[PDB]
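Read off the chains here:
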Amino acid sequence: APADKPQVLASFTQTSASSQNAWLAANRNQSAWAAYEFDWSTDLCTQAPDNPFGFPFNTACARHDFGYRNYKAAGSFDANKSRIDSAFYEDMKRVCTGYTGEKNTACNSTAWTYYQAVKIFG
């Protein structure tokens, strides 16, 4: 793979909105990143806890899968797990800012539950 793969992977897995935006564009143009041989497989949120109100967290889950799978493939998962989990929480909270009142609180509560369910692993 190209020499800057580790840096590209780091850039796609930060908690910032810019890192998520960069990843979203790559996700829509995966073929343009073929040289990097990234693992683009994802279960979306199928292995996550219940989502009774149906907040659209699928893309948050997809970027989290990307982070986990690719850092595990690089053999450096333990040291990056925390940031990936945090980035997942931030992606979900970005979704929640689009709601007010009770829905905003319910959305943040679900985001927290999703985050805690992965944080339990370490």
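Residues numbered from 1 in each chain as written, not as in the entry; some residues may be left out. Heavy atoms only, no water.

- Method of determination, as given in the entry header: X-ray crystallography; reported resolution: 1.40 Å.

### Quick notes on the overall build of the chain
- Scanning the chain from N- to C-terminus turns up five helices and zero strands.
- In sequence order, the secondary structure elements of the chain are arranged as α-α-α-α-α.
- In terms of C-alpha radius of gyration, the chain reaches 14 Å, essentially the compact-globule figure of 14 Å for 122 residues.
- Considering only C-alpha atoms, the chain reaches an extent of 50 × 30 × 25 Å along its principal axes.
- Of all 122 residues assigned to the chain, the portion counted as buried reaches 35%.
- The long-range fraction of contacts in the chain, counting pairs at least 24 apart against all pairs at least 6 apart in sequence, stands at 68%.
- Of the charged side chains in the chain, 11 are positive and 11 negative, and the gap between their average positions amounts to 4 Å. (Helix = DSSP H or I, 4+ residues; strand = E, 2+ residues; numbered from the N terminus. Rg over C-alpha atoms; globule rule 2.2 N^0.38 Å. Buried < 20%, exposed > 50% of the residue type's maximum accessible area, 1.4 Å probe, protein only. Contact = heavy atoms within 4.5 Å. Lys, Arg positive; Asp, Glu negative; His and termini not counted. Charge placed at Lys NZ, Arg CZ, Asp CG, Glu CD.)

### Quick notes on the state of the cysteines
- A full pass over the atoms with the stated rule returns two disulfides.
- Disulfide pairing places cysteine 45 opposite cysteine 61 at an S-S distance of 2.0 Å. Its torsion about the S-S bond being 105 degrees, the disulfide of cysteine 45 and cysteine 61 is classed as right-handed. Of the two residues, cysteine 45 is situated in the loop between α2 (17-28) and α3 (58-73) and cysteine 61 in helix α3; the sequence distance between them amounts to 16 residues. (Disulfide = S-S within 2.5 Å.)

### Observations regarding the packing of α3 against helix α4 (residues 81-96)
- Interaxial distance between α3 and α4 falls to 9 Å at its minimum, and their mutual angle equals 170 degrees. With respect to α4, the axis of α3 lies roughly antiparallel. Residue-level contacts link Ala60, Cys61, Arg63, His64, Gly67, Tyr68 and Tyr71 of α3 to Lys81, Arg83, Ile84, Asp85, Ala87, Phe88, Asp91, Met92 and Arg94 of α4.
- Tallied by class, the residues present in the contact of α3 with α4 amount to eight nonpolar, two polar and six charged. (Axes fitted to C-alpha atoms, helices over the stretch in contact; angles between N-to-C directions. Parallel < 35°, antiparallel > 145°, perpendicular 65-115°, else oblique. Nonpolar A, V, L, I, M, F, W, Y, C, P; charged D, E, K, R; others polar.)

### A closer look at the nonpolar core
- If you look at the biggest cluster of nonpolar residues, it comprises 29 residues, and the most contacted ones within it are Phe12, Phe38, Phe57, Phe66, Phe88, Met92 and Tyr114.
- Where this core is concerned, the elements lending two or more residues are α1 (5-11), α2, α3, α4 and α5 (101-119).
- Non-local contacts of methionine 92, meaning those with residues more than four positions away in its chain, are made with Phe57, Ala60, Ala111, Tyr114 and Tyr115. (Core = buried A, V, L, I, M, F, W, Y, C linked by side-chain atoms within 4.5 Å.)

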